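Residue numbers (PDB author numbering), protein chains in the order written: chain A, 3 to 437; chain A', 3 to 437. A prime marks a further copy of an entry chain.
Each residue gets a CB set at the ideal place from its N, CA and C atoms; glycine is no exception.
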Ligand SMILES: CC(C)(COP(=O)(O)OP(=O)(O)OC[C@H]1O[C@@H](n2cnc3c(N)ncnc32)[C@H](O)[C@@H]1OP(=O)(O)O)[C@@H](O)C(=O)NCCC(=O)NCC[C@@H](F)C(N)=O
Ligand SMILES: CC(C)(COP(=O)(O)OP(=O)(O)OC[C@H]1O[C@@H](n2cnc3c(N)ncnc32)[C@H](O)[C@@H]1OP(=O)(O)O)[C@@H](O)C(=O)NCCC(=O)NCC[C@@H](F)C(N)=O
Ligand SMILES: O=C([O-])CC(=O)C(=O)O
Ligand SMILES: O=C([O-])CC(=O)C(=O)O
C-alpha cells in the first residue's frame with residue numbers, strides 16, 4: 003500500500019510544470035553578481051545551484067524541506083519507546099517534502115532491510131584491504147566497486163529514454179542506502195574486531211538499529227545516539243563539498259554509486275567531514291600535552307600554538323554559517339542529558355567558552371563559532387567507539403540520505419551538465435585591465 | 003641540474019604577489035551576473051573558477067598556457083625520429099607556463115620512470131576484481147586505494163604549516179602520474195590478456211612508450227598515436243566535469259589520489275569522457291544495423307531514430323565550444339595521414355557531413371559540431387585496440403596531466419574551500435516573487 007515510487011510519480015509532473023512556468027517568467031532575472039574576489043575565493047557568496055532538499059540559513063542553520071532540527075525532532079516518527087527521530091522518516095521528508103506517517107516510515111525500514119546484500123567481489127575486496135588503508139578510502143573504493151550492480155548504468159546502456167532516468171536513480175538510491183551499513187560495518191569489524199562477522203539484517207528493525215547490531219554495540223542509548231547522528235548529518239544544502247561533488251558528478255550521468263563514492267572522497271577532506279576525526283585527534287594531543295583538567299590560560303596557549311603553526315582549529319568556522327551550528331547545539335543537548343559528567347565532554351564544553359574568543363582575537367575566521375564536527379566524536383567516544391579514524395564513515399553513511407534524495411530530483415527535473423566557465427589570472431586581468 | 007621543484011619555488015612567490023595586488027585593486031569588480039536560468043542550467047555561462055593551466059575559447063578551442071594545439075605540435079619536443087609531441091613536455095609547459103627544452107623533457111621522463119611502483123595491496127586488488135567490473139571503476143578504485151601512500155596526507159596529519167602544502171602536492175602529483183600507466187596497463191592485461199604480465203619500466207623510454215609496451219603494442223605508429231592522444235586529452239580548462247571535480251575535492255584538502263579518483267568518477271559519465279566509448283558502441287550498432295557502406299539517407303534515418311528515442315548522439319555538442327573542436331580536427335589530420343582508407347574512419351568522416359545538419363534541423367543542440375570523442379576510438383580500433391569499454395581509461399591517464407598541474411598551483415596560491423551557496427525552487431521564487 004505504501005510506495006514512495008508511486009508518490010514521486012505524481013509529484014514529479016507538478017514540479018516540472020511549476021519550474022517551467024517560473025523560468026518562463028523569470029529565467030532572465032538576475033539573482034546576483036560575480037566579482038573577482040568570489041572567483042578567487044572558492045565561489046564564496048555565489049548563488050550557484052538549485053538544490054531542493056534543504057536550505058541553510060547563515061543565522062538560523064539548516065532547514066530540511068522547511069523544517070528546522072527541533073521541528074524534526076518533534077515531528078518525525080520515533081522508535082518504539084524512542085526519543086530520537088528515525089532517519090528513515092527524514093529521508094521520506096526530503097524526498098517528498100511531506101512529514102511521513104509511522105506506517106510510511108516502517109515501509110522504508112522494510113524496504114531498506116529487503117535490499118541490503120553485498121556481492122562477493124565487494125566482500126573479497128574489503129577483506130583483502132590492508133589495515134593501514136584509511137576507513138574512508140576503503141569505503142569509497144567499495145562503493146565504486148559496487149557500480150557493477152547499477153540499475154541506472156544498465157538502463158542507460160540499454161538506451162532508455164531520458165525521461166525515465168529518475169526511475170532508475172531511485173532504485174539505485176534505495177539499494178545503495180540499504181547497502182551502506184553493511185559495507186560500513188564490514189570495515190569496522192575487519193579493522194577493529196578482526197575474526198568476527200557483522201551478521202544478518204533483521205527485517206524487523208529500523209536501519210540504525212540493524213547498523214549498531216552489525217557494529218556490535220548493545221547499549222540502547224547508543225542506538226538512540228545513532229538515530230540522531232544519522233538524521234542530523236543527512237543533508238546540508240547543496241554547496242557543501244560532498245553534496246556539490248555528488249551533484250556535479252551525477253550531472254554527467256555517472257550512476258549513483260559513482261557519484262556517491264566521489265562525494266565520499268570530498269567528505270574525506272580535513273576541511274570537510276574529516277574534521278570530526280581531526281577534532282578528536284586534536285583533543286587527544288591536548289589532554290596529552292596538558293593532561294585532563296586544564297586551566298583556561300593553558301587552553302588559550304594551546305590554541306594559539308596551533309594557529310601560529312599555520313594550522314586550523316578543527317570543528318570551528320563555516321563557509322556559510324555565521325552563528326553556532328544548531329547541529330552542535332543539538333548534540334550538546336544530548337550530552338547534557340546523557341553524559342553530562344564525561345571529562346571529554348567537559349573539555350569540549352570548556353572549549354566553547356574559549357575557542358571563539360581566541361578566533362575573534364586572531365581576526366581571520368569569518369565565523370568563530372563551532373560547527374557540527376566540534377561535538378560528534380565526544381559522544382561516540384563515550385559509548386565505547388574510540389576508533390577516531392572511523393568517525394567520518396558514519397558521516398558518510400548519513401550523508402547518503404540527503405545527496406541521494408536530491409539526486410533523484412535532479413534527474414526527475416532534467417537538470418543538465420554542470421559546466422561553468424573558468425578563467426586564468428591573465429585572462430581575467432585582461433578582461434579588466436589588470437592590477 | 004634540472005629540477006621542476008626548484009623552478010616552481012621561484013615562480014610561486016611572484017604569482018602570489020601578482021594576484022595579491024590585482025585583488026587589491028579589483029577584487030570587488032564584477033565580471034558577470036547570475037540569472038535564474040544559469041542556476042537551473044548547470045551554471046552554463048557562469049564565470050566561476052580560476053584555473054591557470056588552460057583556457058578554452060568557444061570559437062578557437064583550447065589554449066594551453068596561451069598555446070593552441072598546432073603551436074604545441076610545433077613547439078614541443080618530440081621523440082627521437084618522432085613527429086608527435088611528448089606529453090612530458092606538455093606537463094612542463096602547464097606547470098611552468100614555459101616551453102621546455104628537450105633536456106628538461108628528458109628529465110621528466112626519467113623522473114616518471116623512477117617513481118613508477120605499485121604497492122601489493124593495489125596489485126592484489128586489481129587481480130581480484132571481476133571481469134564484469136568496468137575499467138573506469140577498477141581504475142578509480144585503484145587510485146583511491148593508493149592513497150595509503152599519500153605524502154600530502156601524511157604531512158597534513160603531521161601538522162605541516164599550510165604554506166608548504168604545494169610541496170607535498172607536487173610529490174604526490176609526480177608519483178601518481180608515474181603510476182598511472184602501470185595501473186591502467188594492469189587492468190588492460192587482466193581483462194584482455196589474462197595470464198600475461200605488464201613487465202618492467204625502462205628508465206630509458208618516454209612515458210607513452212613505456213605505456214604502450216606495458217599494453218603490449220609493438221607498432222611504432224601506435225606509440226606516436228599514444229603520444230598525441232595523451233597530449234591532446236591533457237586539459238580542458240577548469241569547468242569541465244573531471245577538472246572541476248578534482249578542483250572542488252582538492253579544495254577540502256583531500257590528497258591528490260582522492261581528488262583524482264573522484265575526477266575519474268566524473269569522467270566515467272556518458273555526457274563526459276565515457277562518450278569516447280559510447281561513440282564506438284553507437285558506430286558498431288550502426289554498421290550492424292545498416293552494414294559497412296551506408297547511404298546518406300540511411301545515416302540520417304539512423305540519427306533521427308536515436309534522437310526520437312530520447313537519446314543523445316555521442317561525440318557531438320559541447321557545453322562551451324561553438325565550433326568544431328580542434329582536438330577533433332587534429333585527430334582527423336592524423337587519420338588522413340595514417341589510415342585514410344579505413345572504413346570506420348570513412349564512416350566517421352561521412353558522419354561529419356551529416357550529423358551536424360540533422361542536429362541543426364532538430365533545433366535543440368547549441369553546438370552541432372563534433373567534439374574530441376567523435377574521433378578517438380576510430381584511431382585506436384585501427385591499431386588493434388578494439389576493447390571500447392577501455393577507451394575512457396586512456397582519457398583518464400591523459401587528464402591527470404592537466405588536473406594535477408593545476409592542483410599544485412591551487413595549493414601554492416592558497417585557493418580556499420570551494421563552497422557556493424545553493425537555493426531551493428521555493429526559496430528562489432520567494433526571492434523574486436515566483437512564476
Ligand atoms: C569550514 C572552513 C573551511 C570554512 O572556510 P572559509 O569559508 O574559507 O573560512 P573563512 O572565510 O572564515 O576564512 C578566513 C580565514 O580564517 C581562517 N580560519 C577559518 N576557520 C579557521 C579555524 N577553524 N582555525 C583556524 N583558522 C581558521 C581561514 O583559514 C582563513 O585564512 P586565510 O585567509 O589564510 O585563507 C573553515 O572555517 C575551517 O578551516 N574550519 C576548520 C576545519 C573544519 O572544522 N572543518 C569541518 C567543517 C564542517 F562544517 C563540515 N563537516 O564540513
Ligand atoms: C556535451 C553536452 C552534454 C553539452 O550539454 P549542454 O551544454 O547542456 O548542451 P546544449 O546547451 O546544446 O543542450 C541543448 C539541448 O540540445 C540537446 N543536445 C545537445 N547535444 C546533443 C547531442 N549530441 N545529441 C542529442 N541531443 C543533444 C541537449 O541534450 C539539450 O536538450 P534538453 O533541452 O532536453 O536538455 C552535449 O552537447 C551532449 O549531450 N553531447 C553528447 C554526449 C558527448 O558527446 N559527451 C562528450 C563531451 C566531451 F567534450 C567530453 N569528453 O567531455
Ligand atoms: O555546509 C558545508 O559547507 C559543510 C557542512 O557543515 C556539511 O556539509 O555538513
Ligand atoms: O570541456 C568540457 O566541458 C568537456 C571536454 O571536452 C573535456 O573535458 O575535455
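Query                                                                                                                                                                                  : Result
Counting only beta-carbon atoms, is residue 136/A' nearer than 8 Å to chain A?                                                                                                         : yes
Just checking my contact of residue 254/A with residue 271/A' at CB under 8 Å: how many whole Å lie between their CB atoms?                                                            : 3 Å
Look at the Cβ atom of residue 89/A', then the Cβ atom of residue 80/A', and state whether they are nearer than 8 Å.                                                                   : no
Under the three-state reduction of DSSP, which class applies to residue 437/A: helix, strand or coil?                                                                                  : coil
Using three-state DSSP, classify residue 47/A' as helix, strand or coil.                                                                                                               : coil
What's the call for residue 23/A, buried or exposed, on a 16-neighbour Cβ count within 10 Å?                                                                                           : exposed
Suppose contacts are defined by Cβ-Cβ distances below 8 Å. Is residue 316/A' in contact with residue 277/A' by that definition?                                                        : yes
So what's residue 53/A in DSSP terms, helix, strand or just coil?                                                                                                                      : coil
For residue 97/A, I'd like the list of residues in its chain whose CB is within less than 6 Å of its CB, leaving aside the five on either flank, ordered along the chain.              : 407
Using a Cβ-Cβ cutoff of less than 7 Å, which residues in the same chain neighbour residue 111/A' once the five nearest sequence positions on both sides are dropped?                   : 90, 208 and 209
Going by the C-beta, is residue 238/A' closer than 7 Å to any heavy atom of ligand 4?                                                                                                  : yes
Under the three-state reduction of DSSP, which class applies to residue 398/A: helix, strand or coil?                                                                                  : helix
Can you give me, in chain order, the residues of the stretch 8-27 of chain A that have a beta carbon less than 8 Å from any beta carbon in chain A'?                                   : 17, 20, 21, 23, 24, 25, 26 and 27
Spatial neighbours of residue 51/A' within its chain, please: C-beta separation below 8 Å, excluding the five flanking residues on both sides.                                         : 240, 241, 246, 249 and 420
Is the beta carbon of residue 135/A' sitting closer than 8 Å to the one on residue 147/A?                                                                                              : yes
Suppose contacts are defined by Cβ-Cβ distances below 8 Å. Is residue 410/A' in contact with residue 186/A' by that definition?                                                        : no
Use the C-beta contact count for residue 287/A: other C-beta atoms within 10 angstroms, 16 or more gives buried, fewer gives exposed.                                                  : exposed
Mind pulling the chain A' residues with CB within less than 9 Å of residue 377/A?                                                                                                      : Within chain A', no residue comes near residue 377/A; the closest Cβ sits about 20 Å away, beyond 9 Å.
Could you tell me whether the stretch 299-306 of chain A' touches the stretch 330-342 of chain A', using the rule of 3 or more Cβ pairs below 8 Å?                                     : no
Going residue by residue through the stretch 245-305 of chain A, where are the continuous alpha helix (DSSP H) segments of at least 4 residues, counting only ones entirely within it? : 258-269 and 277-291
Using only the heavy atoms of ligand 2, determine whether one of them is closer than 7 Å to the beta carbon of residue 274/A'.                                                         : yes
Any idea which residues DSSP pairs residue 318/A with across the strands?                                                                                                              : 372/A
Cα separation between residue 238/A and residue 163/A'?                                                                                                                                : 29 Å
Residue 228/A' touches chain A at which residues, Cβ-Cβ below 8 Å?                                                                                                                     : Here the premise fails: no neighbours, minimum Cβ distance about 25 Å.
State the Cα-Cα distance for the pair residue 157/A and residue 121/A, rounded to the nearest angstrom.                                                                                : 20 Å
Given that a residue counts as buried once 16 or more other Cβ atoms are within 10 Å of its Cβ, and exposed if not, what is residue 311/A?                                             : exposed
Return the Cβ separation of residue 220/A and residue 211/A in integer angstroms, given the expectation that the two are a contact with Cβ distance under 8 Å.                         : About 11 Å; that fails the 8 Å criterion.
Please name the residue, chosen from 196/A', 71/A', 167/A' and 384/A', that lies closest to residue 129/A' on a Cα-to-Cα basis.                                                        : 196/A'
Verify the CB distance criterion: does residue 437/A have a CB-CB separation below 8 Å to chain A'?                                                                                    : yes
From the beta carbon of residue 98/A', is the nearest beta carbon of chain A less than 8 Å away?                                                                                       : no
Buried or exposed: residue 68/A, going by 16 or more other Cβ atoms within 10 Å of its Cβ?                                                                                             : exposed
Any heavy atom of ligand 4 inside 7 Å of the beta-carbon of residue 58/A'?                                                                                                             : yes
When you compare the CB positions of residue 435/A' and residue 46/A', do they come within less than 8 Å of one another, or not?                                                       : no
Any heavy atom of ligand 3 closer than 7 Å to the CB of residue 376/A?                                                                                                                 : no
For residue 144/A, list the residues DSSP reports as bridge partners.                                                                                                                  : None; residue 144/A has no bridge partner.
Ignore the nearest five residues each way along the sequence and tell me which others in residue 275/A's own chain have a CB closer than 6 Å to its CB.                                : 269, 394 and 397
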